[PDB]
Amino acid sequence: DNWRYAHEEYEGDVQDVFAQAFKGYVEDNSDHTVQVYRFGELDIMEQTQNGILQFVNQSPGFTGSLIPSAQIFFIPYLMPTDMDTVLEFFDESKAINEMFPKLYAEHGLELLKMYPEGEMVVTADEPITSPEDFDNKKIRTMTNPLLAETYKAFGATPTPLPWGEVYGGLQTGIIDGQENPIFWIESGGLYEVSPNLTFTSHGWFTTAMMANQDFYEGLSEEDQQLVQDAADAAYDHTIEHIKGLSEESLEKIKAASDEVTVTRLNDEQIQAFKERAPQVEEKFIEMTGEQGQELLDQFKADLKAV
């Protein structure tokens, strides 16, 4: 059979590395093919829920509108800063590995893997060292309600836009900045039009890969196990890919542009942003109720454990 798989990124980007590794495993261990669509090549969540696509890689930044619990990743300062700790969290978290699949299943999706891509970095038309520096800045975010609340809490004017409108928007001043991992800032050339990078340490860009659940449940036991084993292979390959990637990506940006500036917030500057985090957490629970509180409690337990 041929299984269609869509993701949000371009050739060679972190989601594509995961996708090609998944494809490779399926094709090396079966007679099936995986047809991968990169960004723009086909909405993708709609097409997966209605069965046009078999697999989709969608980030909580977008899925959080449909699946409110996925907004948890946008509570700032909740996630750890360092790669090693984040990796252990994604490996061991009940919230990630048991609770989230149930929440996705409510929407007709078989959640196969969640994984990190890289630390979130702000880019803007000036260095952002305090919430006051965000005042009257239009900062583009992905399109979920809580992420807009995070940026409002930080002092910015969130301008939730889809990805396609971002480069041009920064170029012509529709927006004043954005947030993304360094590998994407590099690969998308965003540093050309948004040259001041600030490492706020507030979060990680994370993503999820899932199947249409009716499709998955219709597969033979053998093929279901093939998919699980492919997802595991892809996860391991991708985790190895992201090791050192942010550092390499930043060196590439510095090599390409003398106009780029890098601001790393110190502990005092970080605390000023962390002061804004609790009211975001309360909005998350007001958006998700007792079920959201249960997830958040487990997510926090899991972070304590690592």
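For every residue, the number given is its place in the sequence shown, counted from 1.
Engineer: Our gap detector needs a label for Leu42 to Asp43. Which class matches the unmodelled residues of the deposited sequence there: none, 1 to 3, 4 to 9, or 10 or more?
Structural biologist: Count of unmodelled residues in between: 4 to 9.
Engineer: Looking only at CA atoms, which has the higher mean B factor in the entry: 87-95 or 161-169?
Structural biologist: Comparing averages over the C-alpha atoms only gives 161-169.
Engineer: If you average the Cα B factors in the entry, which is higher, 23-31 or 277-285?
Structural biologist: If you average the C-alpha B-factors of 277-285 and of 23-31, the larger mean comes out for 23-31.
Engineer: Which of these has the highest Cα B-factor in the record: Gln178, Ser130, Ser187, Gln71?
Structural biologist: The record points to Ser130.
Engineer: When you compare the CA B-factors of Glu117, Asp236, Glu106, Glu149 as listed in the entry, which one comes out on top?
Structural biologist: Highest C-alpha B-factor among the listed residues goes to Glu106.
Engineer: Rank-wise, by C-alpha B-factor, drop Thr81 into the lowest, middle or highest third of its chain.
Structural biologist: Highest third, going by the recorded CA B-factors of the chain.
Engineer: Quick one: classify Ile52 as lowest, middle or highest third of the chain based on its Cα B-factor.
Structural biologist: Middle third.
Engineer: Taking only the Cα B-factors deposited for this chain, tell me whether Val121 sits in the lowest, middle or highest third.
Structural biologist: Tercile = lowest for this residue's CA B-factor.
Engineer: Relative to the other modelled residues of the same chain, rank the CA B-factor of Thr206 and answer lowest, middle or highest third.
Structural biologist: Ranked within chain, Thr206 CA B lands in the lowest tercile.
Engineer: Among all modelled residues of this chain, ranked by Cα B factor, put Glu8 in the bottom, middle or top third, i.e. lowest, middle or highest.
Structural biologist: CA B-factor rank for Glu8: lowest third.
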